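Visitor: First the structure, then my questions, so here it is.
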Amino acid sequence: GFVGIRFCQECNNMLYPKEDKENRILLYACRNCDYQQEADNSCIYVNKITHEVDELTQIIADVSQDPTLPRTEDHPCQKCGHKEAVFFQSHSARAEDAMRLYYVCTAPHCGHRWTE
Amino acid sequence: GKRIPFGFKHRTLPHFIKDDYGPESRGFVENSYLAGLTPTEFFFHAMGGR
Amino acid sequence: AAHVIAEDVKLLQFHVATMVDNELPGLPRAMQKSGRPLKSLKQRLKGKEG
Amino acid sequence: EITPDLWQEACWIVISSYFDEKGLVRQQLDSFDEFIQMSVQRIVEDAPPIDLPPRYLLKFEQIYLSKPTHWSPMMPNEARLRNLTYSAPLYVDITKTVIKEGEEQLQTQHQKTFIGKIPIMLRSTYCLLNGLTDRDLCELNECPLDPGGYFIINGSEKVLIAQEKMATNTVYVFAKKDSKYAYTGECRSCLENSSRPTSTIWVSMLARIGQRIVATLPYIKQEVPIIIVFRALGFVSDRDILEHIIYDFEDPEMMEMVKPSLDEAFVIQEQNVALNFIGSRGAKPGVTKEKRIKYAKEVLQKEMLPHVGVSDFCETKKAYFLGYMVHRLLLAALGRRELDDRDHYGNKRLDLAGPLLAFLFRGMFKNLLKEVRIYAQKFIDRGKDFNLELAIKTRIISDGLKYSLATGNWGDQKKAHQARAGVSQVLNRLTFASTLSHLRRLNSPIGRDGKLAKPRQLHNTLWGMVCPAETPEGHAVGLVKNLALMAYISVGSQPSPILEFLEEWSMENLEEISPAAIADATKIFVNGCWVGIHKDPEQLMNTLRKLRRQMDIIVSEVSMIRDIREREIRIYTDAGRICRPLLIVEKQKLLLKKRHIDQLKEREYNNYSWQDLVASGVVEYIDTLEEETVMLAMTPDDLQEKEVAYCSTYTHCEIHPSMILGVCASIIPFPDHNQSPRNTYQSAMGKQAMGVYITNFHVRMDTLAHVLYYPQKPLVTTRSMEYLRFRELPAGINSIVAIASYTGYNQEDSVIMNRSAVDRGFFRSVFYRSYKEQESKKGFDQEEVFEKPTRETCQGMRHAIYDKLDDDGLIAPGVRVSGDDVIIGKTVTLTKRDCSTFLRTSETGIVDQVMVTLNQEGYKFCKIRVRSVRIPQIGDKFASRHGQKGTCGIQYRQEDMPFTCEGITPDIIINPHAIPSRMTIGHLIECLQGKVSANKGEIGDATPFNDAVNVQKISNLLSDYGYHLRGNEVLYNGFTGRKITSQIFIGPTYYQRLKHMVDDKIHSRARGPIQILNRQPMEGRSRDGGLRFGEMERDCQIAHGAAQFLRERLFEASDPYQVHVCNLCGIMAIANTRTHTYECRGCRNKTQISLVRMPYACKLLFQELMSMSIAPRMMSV
Amino acid sequence: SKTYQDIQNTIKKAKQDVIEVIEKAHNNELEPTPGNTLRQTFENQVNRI
Amino acid sequence: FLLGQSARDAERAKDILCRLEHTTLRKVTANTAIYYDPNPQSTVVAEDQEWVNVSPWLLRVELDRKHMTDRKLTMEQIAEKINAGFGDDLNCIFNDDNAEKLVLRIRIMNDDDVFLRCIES
Amino acid sequence: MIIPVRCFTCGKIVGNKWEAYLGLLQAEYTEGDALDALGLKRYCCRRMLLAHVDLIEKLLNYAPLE
Ligand SMILES: [Zn+2]
Ligand SMILES: [Zn+2]
Ligand SMILES: [Zn+2]
Ligand SMILES: [Zn+2]
């Protein structure tokens, strides 16, 4: 998982994590406000050293209407079942391994994306 | 020392499709000087000879 | 006037140094007031074409 | 119906119609016309009214410009011959309103006050030649083929080279290695034509809790952390900030990435301490806190992100824009978006003769306002009602432009060394392809002696914009560049109609956005101002495109880029965007159908034009940043036909692929059959080929002109060199070349010429050198006058024969003259000193014409030009269109040259070894098809990529005329008549004769003139100098151990000299050798003196040391 | 012409082989050469072919 | 050049390479996070490791296998070098080499909340 | 500029054929049949007329007087 920034409710500033040294529980207090809200995630911070990220989260469906981009008829969609699909390599710079191809259904109101 | 670089976004020239790593898409001139170069490979030849 | 004598000697120091090195760090480069910087004796022999 | 192939004809009816509508220098003419029609008025209009004891307001209106006039209309040829500046007076309407005590103001309007002469570019909308017919141009002694696009400054044709620059208003993210910054989001900002120069911003991230984002605001010495900057824009909350920087908080990764910049700033919350922070980093921080705030408030209002807006737009619109700069930095750091390539040509702009001059006019204007301000101050403030008509120092504009267009120092003469240099170069009249290419020349300002290769490399994005072949092989290689034939530089248009249109179509304006909308919404960027977002970018792109295809709301030069991956629509209308037309593709058919071709074939007869192809949505100007997003077929029949599909989604099609070539490269036949450096070498040498450089050359007094006697049209041409007008002003002769070794005098890159062909006028040329001299009132007692000197009175007087010139003091046309002959007899009174002008040493020509006139000063001024027939000789440099180059190595009469069965001897025999290492097979195919063309009896096509032509097809044709199909022939040795056992490849090839003749290069010295400072030979042939025996030669003679020849070269044959030195010290003594008495002052010794054979430059060095208080005491001990 | 036919056949095979190496990389079937990234492996394969 | 029999077999030349190629935790680490698991046995991430080992917060560092194995490394030497490098302020309850996840749990005992990020960084 | 008097390569007088050449082209002889009809056999003579650009007709547009 991760942890987001949860903003103060009074000042809308950033809440820092702080241990309740009395009840022994994680809080989220503010710097400017005196706003103590009770944590739930028990996490301060994460850091994916692997830099493993799923590209399908970053691939946006609008890419299908890109004329610049190669179209296959060799991998059909799964939700609808369209034949047409654009495909491309991960445009993200973290790709020295990923010449893997990401496919997008070329059919409006679907935008189903998958990797084979 | 490398093949023709993607100076357009993920492609060498607008005539090629994005992520076309194929031979002619990256500067492989397949004709001879007697056959004459295709215009794309003429431009890649110019890039190389520069 | 001990006040002004300080400035007089400061300006003499500027001219004499610029006679043998126009390119002081920070100090204004001596010039022929129409633009062109003054070729100091250093510059007469400093580098190539010395 | 569609073009059913047979498409080559159609393809060159297009293009032909383009070059009918837009002659080759259109990018200069339009830039200037736009400067004069808008930018000049814009600058004077947008300069503020001037005001100050009572105070006036002084204000300017409706700037007017007449036709060019001498005070009566000057023709450009007159300005050229009389060394005038071809220019037109600029007038403006000035309203003066002084107001004072008692409420008594008079708004007296000074109508059409003369501000100054502005220099006019030739054949502009404001040149006398505009739209003028060929008959009239010939009557003006102008050339109807001359392109225009250059200025006349004091008689010199001055071209403004288009200067490349980074695009303004556009964010760029770079990694600068060898710095503390992992990434840097640069921006360079200009709101509109501002007298303030472009202001540059950087939002860098320190690489090193790590990952802190800084900002390098202008006029700030330190680097404020960005969150302080957003708080200075008044956003207290960490959620009002970040709403500008992270458009969906749903991304944890940017959130946790930006956190440490907030931890750099959380000590500051209110806007006022933020401004105190920024003000305390000011380059001129005020003592009191309030002045620091006001300073920093101004910087944010007016200096940061000015393009986004000023004043009220500060606290929102450009808060969003700074947020976007940060957002794209974060994308570049997460690697979600690639770094911008600084050399991608969509990221560049070209400052043509418009912006180049608008910059100066904003610099020379405003100066005039300062001048009139100081004047009216001095007067009015002393209760002395000034006259503004005396206040206006018209010299400021007229001489400012004249100066900068002359020197090219693009700045004040007070500060020229700080300015750009060579922006304005003397037009290359050497040959018409040189004139045409000098006018179409681009220039990167990147430093030469900059070792970087990447700015010199041919970037992929120069396709169709810039010639891949035409670059100087020198130190400027890849920095100076050339426009491609159809490349058009966009002149600039107002975005306001586009912004009004985008206010329709359900666009959502940036200040009315709820920021949560930005997460899933395309961001719109007009001229790099972010101006709104849109829910539906598939409608905008189709509508904005439709409107371009209808020429109505959006002018053709506007480029709309749709970045799909990142939801951004960027629309550029500004000037300097290089673009080129492309055929539009829809479905898979072209829109260019047989209707358009038929209509355009009868053009003029129906007054159809290229503009109708544009305004019929058939062809479209695409520009390198929109070229990012086209899918571009290369010909229809190749790429859109139902092969097993490559893409089948082409949006555009190349009009013809040879249009990637520029002016000098598109004269190469079969350039696709040559090694690329050889096409570059031709693009070079093609600017030196003698031809006829312009048809009015008999009126030009150009300093250097070479005119070929019998220049010919090439027997094989590209089609492109139709529009270059090469068949009208050709530069070269089709010669029967033979590629044979023969006698070996053609061996290492040399040619054997036919002496008998030369006797018939083969490549014979004429060389015109013009000498200009005028008069002057040097002083009270000193005055120059054109007058035959006479030994009786003229005291100074050369050893020359002064009687060749008649009593006018001017040599007359038709007189034979040689080096150090007197050309313009001139005396200056002391009785009279001789000041005359002599023909350059070893020039030896005939006076062609003598013109006499008055210059601006109203002094008699004459220009004499002397012609010199240059019969080709051994050492003259010939070249061909394929980068084969070589000196004539010997000339054999027709009897001695080899001959075919018929008595066809070659004209030029070039050694086979020129070919195999260089692979200029375009040269061989030219020769073969030229031999076909000459037999077939019509001019072959050598347009590069024409698959209708191939070697086998030519060989088939050649075999039909009874020649060997490969162009070989049996030759017979001219000396013995025996058949040569190897059959020789012989045929017509277009050769050029280059300006590099040997008699202009041969040079010798044996004790000629000496420099005055160090008594060494003068430098250069013209000076009759001595060759430099340099350092490396010194080393080569040390290696030889040739110390005697090293001593003679570095001393006895350069600056042989002697000093007397004291024996007791080594300071040079005083030596009256005339009485043989010697002393050293300082020891008072007269016997202790010894002579030292000593290089004069060494003596001078030691005296330059003594003048530094260094005693190089030379000792004989 | 027989030489040209051999040359063209050789290039066609080489183009097809490069297409097959691309297919192998696109499917992630191309195992990297030791030390090389997968991209460096692909580029080395294509340059060799 | 390799002196011993290692000169022949690529296997016993490999460990020389591992003993030479500079290998910091970043090379074998995968995912580094923090947690205010109020007791060692609280095990908010659901782990049975501390319970056999029987601060209110810890560093958790799930390391990599195909990177730790390729170096012939073990949690043993990693934890040793950690404790030696930073001293006994840090305690490391490493996993075992049987589990699927290669976690290290790191705590301090005797400005602290940021301090685990400070020492990890 | 003007037509060369002799074919540079061989020597045949081509300086009396240019106006004839153009007149034959005005009879709409094809461009090589004009040369075949003037009597230019060698491709060295033919490239004298094919290649020649008659610039003197443009130079004569400029007036010395009238
Ligand atoms: Zn709070
Ligand atoms: Zn689908
Ligand atoms: Zn002495
Ligand atoms: Zn002939």
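Residues in the structure tokens are numbered from 1 in each chain, the chains being A, B, ... in the order shown, and ligands are numbered from 1 in the order shown.
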Which of chain C counts as alpha helix (DSSP H) under DSSP, as a PyMOL selection string please?
Guide: chain C and resi 2-20+41-45
Visitor: Could those residues be written to a file, using N, CA and C atoms, as a compact mmCIF listing (two decimals), in the first residue's frame?
Guide:
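Final output, result-v8.txt:
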# COMPACT_ATOMS: atom_id res chain seq x y z
N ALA C 2 43.61 65.10 2.28
CA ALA C 2 43.90 63.67 2.41
C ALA C 2 42.74 62.82 1.91
N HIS C 3 41.51 63.31 2.04
CA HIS C 3 40.37 62.66 1.41
C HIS C 3 40.65 62.31 -0.05
N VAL C 4 40.89 63.33 -0.88
CA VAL C 4 40.92 63.11 -2.32
C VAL C 4 42.20 62.40 -2.73
N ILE C 5 43.30 62.64 -2.02
CA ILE C 5 44.56 62.00 -2.37
C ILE C 5 44.41 60.48 -2.39
N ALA C 6 43.56 59.94 -1.52
CA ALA C 6 43.30 58.50 -1.54
C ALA C 6 42.73 58.07 -2.88
N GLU C 7 41.74 58.81 -3.38
CA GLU C 7 41.15 58.47 -4.67
C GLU C 7 42.14 58.68 -5.81
N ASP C 8 42.94 59.75 -5.74
CA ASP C 8 43.96 59.97 -6.75
C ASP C 8 44.92 58.79 -6.84
N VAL C 9 45.45 58.35 -5.70
CA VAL C 9 46.35 57.20 -5.75
C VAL C 9 45.61 55.93 -6.16
N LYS C 10 44.34 55.78 -5.80
CA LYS C 10 43.59 54.62 -6.26
C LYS C 10 43.46 54.58 -7.78
N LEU C 11 43.26 55.74 -8.39
CA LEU C 11 43.13 55.82 -9.83
C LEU C 11 44.47 55.66 -10.53
N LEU C 12 45.53 56.22 -9.95
CA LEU C 12 46.87 55.93 -10.46
C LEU C 12 47.17 54.44 -10.41
N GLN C 13 46.84 53.79 -9.29
CA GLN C 13 47.00 52.35 -9.19
C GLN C 13 46.22 51.61 -10.27
N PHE C 14 45.00 52.06 -10.55
CA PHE C 14 44.22 51.47 -11.63
C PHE C 14 44.91 51.61 -12.98
N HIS C 15 45.32 52.82 -13.35
CA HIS C 15 46.03 53.01 -14.61
C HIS C 15 47.31 52.19 -14.70
N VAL C 16 48.15 52.24 -13.67
CA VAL C 16 49.41 51.51 -13.77
C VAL C 16 49.17 50.01 -13.85
N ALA C 17 48.26 49.45 -13.06
CA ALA C 17 48.00 48.03 -13.19
C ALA C 17 47.47 47.70 -14.57
N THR C 18 46.48 48.46 -15.04
CA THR C 18 45.93 48.27 -16.38
C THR C 18 46.96 48.49 -17.48
N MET C 19 48.04 49.22 -17.22
CA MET C 19 49.10 49.28 -18.22
C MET C 19 49.74 47.92 -18.44
N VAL C 20 49.78 47.07 -17.41
CA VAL C 20 50.44 45.78 -17.53
C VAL C 20 49.47 44.62 -17.40
N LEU C 41 50.28 45.46 -21.77
CA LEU C 41 51.54 44.79 -22.08
C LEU C 41 51.48 43.29 -21.87
N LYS C 42 50.77 42.83 -20.84
CA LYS C 42 50.45 41.41 -20.76
C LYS C 42 49.84 40.92 -22.07
N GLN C 43 48.77 41.57 -22.51
CA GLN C 43 48.08 41.14 -23.72
C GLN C 43 48.97 41.18 -24.95
N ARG C 44 49.94 42.09 -25.00
CA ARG C 44 50.88 42.09 -26.12
C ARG C 44 51.62 40.77 -26.26
N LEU C 45 51.80 40.04 -25.18
CA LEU C 45 52.58 38.81 -25.23
C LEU C 45 51.91 37.62 -24.58
Visitor: Output the neighbourhood of ligand 1 as a PyMOL selection string, that is, all protein and nucleic acid residues with some atom at most 10 Å from the ligand, counting only C-alpha atoms and all ligand atoms.
Guide: (chain A and resi 7-16+28-36) or (chain D and resi 237)
Visitor: Output the selection as a PDB file, in the first residue's frame - N, CA and C atoms for each residue.
Guide:
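Done, and the output landed in result.pdb:
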ATOM      1  N   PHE A   7      -5.093  16.123   5.190  1.00  0.00           N
ATOM      2  CA  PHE A   7      -4.964  17.526   5.538  1.00  0.00           C
ATOM      3  C   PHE A   7      -5.816  17.873   6.746  1.00  0.00           C
ATOM      4  N   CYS A   8      -5.319  18.822   7.531  1.00  0.00           N
ATOM      5  CA  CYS A   8      -6.068  19.304   8.676  1.00  0.00           C
ATOM      6  C   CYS A   8      -7.429  19.826   8.253  1.00  0.00           C
ATOM      7  N   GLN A   9      -8.378  19.728   9.172  1.00  0.00           N
ATOM      8  CA  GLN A   9      -9.745  20.134   8.905  1.00  0.00           C
ATOM      9  C   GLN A   9      -9.945  21.610   9.188  1.00  0.00           C
ATOM     10  N   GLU A  10      -9.102  22.182  10.042  1.00  0.00           N
ATOM     11  CA  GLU A  10      -9.186  23.599  10.399  1.00  0.00           C
ATOM     12  C   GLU A  10      -8.356  24.423   9.420  1.00  0.00           C
ATOM     13  N   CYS A  11      -7.040  24.218   9.423  1.00  0.00           N
ATOM     14  CA  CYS A  11      -6.141  24.993   8.579  1.00  0.00           C
ATOM     15  C   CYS A  11      -5.934  24.399   7.191  1.00  0.00           C
ATOM     16  N   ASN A  12      -6.412  23.182   6.930  1.00  0.00           N
ATOM     17  CA  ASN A  12      -6.109  22.500   5.670  1.00  0.00           C
ATOM     18  C   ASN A  12      -4.608  22.420   5.418  1.00  0.00           C
ATOM     19  N   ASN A  13      -3.816  22.395   6.485  1.00  0.00           N
ATOM     20  CA  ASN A  13      -2.409  22.062   6.362  1.00  0.00           C
ATOM     21  C   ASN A  13      -2.196  20.555   6.488  1.00  0.00           C
ATOM     22  N   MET A  14      -0.945  20.142   6.313  1.00  0.00           N
ATOM     23  CA  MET A  14      -0.579  18.733   6.331  1.00  0.00           C
ATOM     24  C   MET A  14      -0.470  18.211   7.759  1.00  0.00           C
ATOM     25  N   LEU A  15      -1.138  17.092   8.026  1.00  0.00           N
ATOM     26  CA  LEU A  15      -1.083  16.456   9.336  1.00  0.00           C
ATOM     27  C   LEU A  15       0.147  15.567   9.449  1.00  0.00           C
ATOM     28  N   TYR A  16       0.958  15.799  10.494  1.00  0.00           N
ATOM     29  CA  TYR A  16       2.081  14.910  10.746  1.00  0.00           C
ATOM     30  C   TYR A  16       1.662  13.760  11.656  1.00  0.00           C
ATOM     31  N   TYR A  28      -2.466  11.833  14.259  1.00  0.00           N
ATOM     32  CA  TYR A  28      -2.076  12.738  13.180  1.00  0.00           C
ATOM     33  C   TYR A  28      -2.407  14.140  13.669  1.00  0.00           C
ATOM     34  N   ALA A  29      -1.389  14.853  14.126  1.00  0.00           N
ATOM     35  CA  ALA A  29      -1.549  16.222  14.581  1.00  0.00           C
ATOM     36  C   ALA A  29      -1.110  17.198  13.502  1.00  0.00           C
ATOM     37  N   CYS A  30      -1.484  18.452  13.703  1.00  0.00           N
ATOM     38  CA  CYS A  30      -1.122  19.536  12.808  1.00  0.00           C
ATOM     39  C   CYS A  30       0.019  20.335  13.413  1.00  0.00           C
ATOM     40  N   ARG A  31       0.710  21.071  12.552  1.00  0.00           N
ATOM     41  CA  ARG A  31       1.699  22.020  13.039  1.00  0.00           C
ATOM     42  C   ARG A  31       1.041  23.328  13.457  1.00  0.00           C
ATOM     43  N   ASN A  32       0.239  23.918  12.574  1.00  0.00           N
ATOM     44  CA  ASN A  32      -0.378  25.200  12.888  1.00  0.00           C
ATOM     45  C   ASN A  32      -1.612  25.039  13.767  1.00  0.00           C
ATOM     46  N   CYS A  33      -2.498  24.109  13.428  1.00  0.00           N
ATOM     47  CA  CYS A  33      -3.640  23.866  14.290  1.00  0.00           C
ATOM     48  C   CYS A  33      -3.258  22.938  15.440  1.00  0.00           C
ATOM     49  N   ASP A  34      -4.128  22.901  16.441  1.00  0.00           N
ATOM     50  CA  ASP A  34      -4.109  21.865  17.472  1.00  0.00           C
ATOM     51  C   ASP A  34      -5.143  20.780  17.177  1.00  0.00           C
ATOM     52  N   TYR A  35      -5.034  20.172  16.000  1.00  0.00           N
ATOM     53  CA  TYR A  35      -5.998  19.178  15.543  1.00  0.00           C
ATOM     54  C   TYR A  35      -5.379  17.793  15.649  1.00  0.00           C
ATOM     55  N   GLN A  36      -5.904  16.991  16.568  1.00  0.00           N
ATOM     56  CA  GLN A  36      -5.466  15.619  16.785  1.00  0.00           C
ATOM     57  C   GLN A  36      -6.572  14.714  16.267  1.00  0.00           C
TER      58      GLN A  36
ATOM     59  N   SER D 237      -3.128  27.555   2.463  1.00  0.00           N
ATOM     60  CA  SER D 237      -3.311  26.161   2.836  1.00  0.00           C
ATOM     61  C   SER D 237      -2.467  25.228   1.980  1.00  0.00           C
TER      62      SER D 237
END
Visitor: Show which residues sit within 12 Å of residue 40 of chain E, as a ChimeraX atom specification. Count only C-alpha atoms, and ignore same-chain residues fewer than 5 positions away.
Guide: /A:95-99 /B:2-3 /E:25,30-35,45-48
Visitor: Go ahead and write the residues just picked, C-alpha atoms, as a PDB file, in the first residue's frame.
Guide:
ATOM      1  CA  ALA A  95      11.362   0.472 -19.049  1.00  0.00           C
ATOM      2  CA  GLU A  96      14.849  -1.013 -19.570  1.00  0.00           C
ATOM      3  CA  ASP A  97      13.228  -4.433 -19.178  1.00  0.00           C
ATOM      4  CA  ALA A  98       9.734  -3.421 -20.287  1.00  0.00           C
ATOM      5  CA  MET A  99       9.633  -3.782 -24.004  1.00  0.00           C
TER       6      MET A  99
ATOM      7  CA  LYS B   2      23.716   3.648 -31.748  1.00  0.00           C
ATOM      8  CA  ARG B   3      20.910   3.116 -34.205  1.00  0.00           C
TER       9      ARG B   3
ATOM     10  CA  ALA E  25      11.159  -9.066 -27.094  1.00  0.00           C
ATOM     11  CA  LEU E  30      13.887 -12.538 -25.152  1.00  0.00           C
ATOM     12  CA  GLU E  31      16.025 -13.523 -22.179  1.00  0.00           C
ATOM     13  CA  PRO E  32      18.663 -10.817 -21.564  1.00  0.00           C
ATOM     14  CA  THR E  33      22.268 -11.547 -22.330  1.00  0.00           C
ATOM     15  CA  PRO E  34      24.258 -11.489 -19.059  1.00  0.00           C
ATOM     16  CA  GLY E  35      25.202  -7.970 -18.020  1.00  0.00           C
ATOM     17  CA  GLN E  45      20.688  -9.055 -31.353  1.00  0.00           C
ATOM     18  CA  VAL E  46      19.391  -6.662 -34.002  1.00  0.00           C
ATOM     19  CA  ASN E  47      22.819  -5.153 -34.658  1.00  0.00           C
ATOM     20  CA  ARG E  48      24.278  -8.642 -35.033  1.00  0.00           C
TER      21      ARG E  48
END
Visitor: Throw together the list of residues within 12 Å of ligand 2, counting only C-alpha atoms and all ligand atoms, and drop it here as a list in words.
Guide: residues 61, 64, 75, 76, 77, 78, 79, 80, 81, 82, 83, 84, 85, 86, 103, 104, 105, 106, 107, 108, 109, 110, 111, 112, 113 and 114 of chain A
Visitor: Identify which of the residues G:44, G:18, G:2, G:33 lies closest to ligand 4, counting only C-alpha atoms and all ligand atoms when measuring atom-to-atom distances.
Guide: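 When distances to ligand 4 are compared using only C-alpha atoms and all ligand atoms, the smallest one comes from G:44.
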Visitor: List as a list in words the protein and nucleic acid residues lying within 6 Å of ligand 4, with only C-alpha atoms and all ligand atoms counted.
Guide: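 The neighbouring residues of ligand 4 are, in order, residues 7, 9, 10, 11, 12, 42, 44 and 45 of chain G.
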Visitor: At a cut-off of 8 Å around ligand 3, and using only C-alpha atoms and all ligand atoms, what residues come up? Please write them as a list in words.
Guide: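 Selection of residues at most 8 Å from ligand 3: residues 1061, 1062, 1063, 1064, 1065, 1066, 1067, 1068, 1069, 1079, 1080, 1081, 1082, 1083, 1084, 1085 and 1088 of chain D.
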Visitor: Take the residues from that selection and put them in a file with C-alpha atoms, as a PDB file, in the first residue's frame.
Guide:
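The resulting file, result-v8.pdb, is reproduced below:
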ATOM      1  CA  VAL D1061      74.428  45.287 -24.550  1.00  0.00           C
ATOM      2  CA  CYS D1062      76.531  46.206 -21.555  1.00  0.00           C
ATOM      3  CA  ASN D1063      78.929  43.519 -20.376  1.00  0.00           C
ATOM      4  CA  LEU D1064      78.368  44.356 -16.702  1.00  0.00           C
ATOM      5  CA  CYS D1065      74.571  44.331 -16.791  1.00  0.00           C
ATOM      6  CA  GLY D1066      72.441  42.950 -19.569  1.00  0.00           C
ATOM      7  CA  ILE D1067      70.304  45.972 -20.262  1.00  0.00           C
ATOM      8  CA  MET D1068      70.678  47.134 -23.842  1.00  0.00           C
ATOM      9  CA  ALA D1069      73.240  49.908 -24.081  1.00  0.00           C
ATOM     10  CA  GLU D1079      77.820  53.751 -23.243  1.00  0.00           C
ATOM     11  CA  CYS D1080      75.558  52.094 -20.723  1.00  0.00           C
ATOM     12  CA  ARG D1081      73.772  54.685 -18.615  1.00  0.00           C
ATOM     13  CA  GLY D1082      73.655  53.217 -15.115  1.00  0.00           C
ATOM     14  CA  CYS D1083      77.167  51.830 -15.049  1.00  0.00           C
ATOM     15  CA  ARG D1084      78.782  54.666 -17.018  1.00  0.00           C
ATOM     16  CA  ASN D1085      80.866  52.225 -19.025  1.00  0.00           C
ATOM     17  CA  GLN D1088      82.212  47.132 -21.745  1.00  0.00           C
TER      18      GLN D1088
END
Visitor: For chain B, which residues have at least one atom within 8 Å of chain E, if we go by only C-alpha atoms? Write them as a VMD selection string, please.
Guide: chain B and resid 21 to 23 30
Visitor: Write out as a ChimeraX atom specification each polymer residue whose atoms come within 12 Å of residue 128 of chain D, counting only C-alpha atoms; drop sequence neighbours fewer than 3 positions from it.
Guide: /D:66-69,72-77,86-88,120-125,131-133,136-137,140,142,148
Visitor: Which residues in segment 17-96 of chain F does DSSP call strand (DSSP E)? List them as a ChimeraX atom specification.
Guide: /F:29-35,58-63,90-94
Visitor: Take the residues from that selection and write them out as an mmCIF file, in the first residue's frame, keeping C-alpha atoms.
Guide:
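Below is the file part.cif, written as the result:
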data_model
loop_
_atom_site.group_PDB
_atom_site.id
_atom_site.type_symbol
_atom_site.label_atom_id
_atom_site.label_comp_id
_atom_site.auth_asym_id
_atom_site.auth_seq_id
_atom_site.Cartn_x
_atom_site.Cartn_y
_atom_site.Cartn_z
ATOM 1 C CA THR F 29 16.195 -4.241 -0.805
ATOM 2 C CA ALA F 30 12.740 -4.140 -2.378
ATOM 3 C CA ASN F 31 10.270 -2.194 -0.230
ATOM 4 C CA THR F 32 11.074 -0.130 2.859
ATOM 5 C CA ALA F 33 8.292 1.117 5.127
ATOM 6 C CA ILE F 34 7.674 2.138 8.733
ATOM 7 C CA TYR F 35 5.021 1.182 11.253
ATOM 8 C CA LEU F 58 9.723 -0.222 13.678
ATOM 9 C CA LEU F 59 11.345 -0.124 10.309
ATOM 10 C CA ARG F 60 10.137 -3.001 8.165
ATOM 11 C CA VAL F 61 12.298 -3.859 5.163
ATOM 12 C CA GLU F 62 11.181 -6.745 2.965
ATOM 13 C CA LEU F 63 14.351 -7.572 1.054
ATOM 14 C CA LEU F 90 19.338 -0.594 16.731
ATOM 15 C CA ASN F 91 17.904 -4.061 17.183
ATOM 16 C CA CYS F 92 17.096 -6.135 14.101
ATOM 17 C CA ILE F 93 14.662 -9.044 14.328
ATOM 18 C CA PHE F 94 15.367 -10.535 10.933
#
Visitor: My list of candidates is F:10, F:114, F:109, F:28. Which is closest to chain D when distances are computed with only C-alpha atoms?
Guide: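 Once distances to chain D are computed over only C-alpha atoms, the minimum belongs to F:114.
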Visitor: Compile the residues of chain F that lie within 10 Å of chain D, evaluated using only C-alpha atoms, and express the compilation as a VMD selection string.
Guide: chain F and resid 114 117 to 118 121
Visitor: Any chance you could export the current selection's C-alpha atoms as a PDB file, in the first residue's frame?
Guide:
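For reference, result36.pdb as written:
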ATOM      1  CA  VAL F 114      11.785  10.938  11.511  1.00  0.00           C
ATOM      2  CA  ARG F 117      13.734   7.423   8.062  1.00  0.00           C
ATOM      3  CA  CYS F 118      16.991   9.208   8.837  1.00  0.00           C
ATOM      4  CA  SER F 121      18.098   6.882   4.231  1.00  0.00           C
TER       5      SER F 121
END
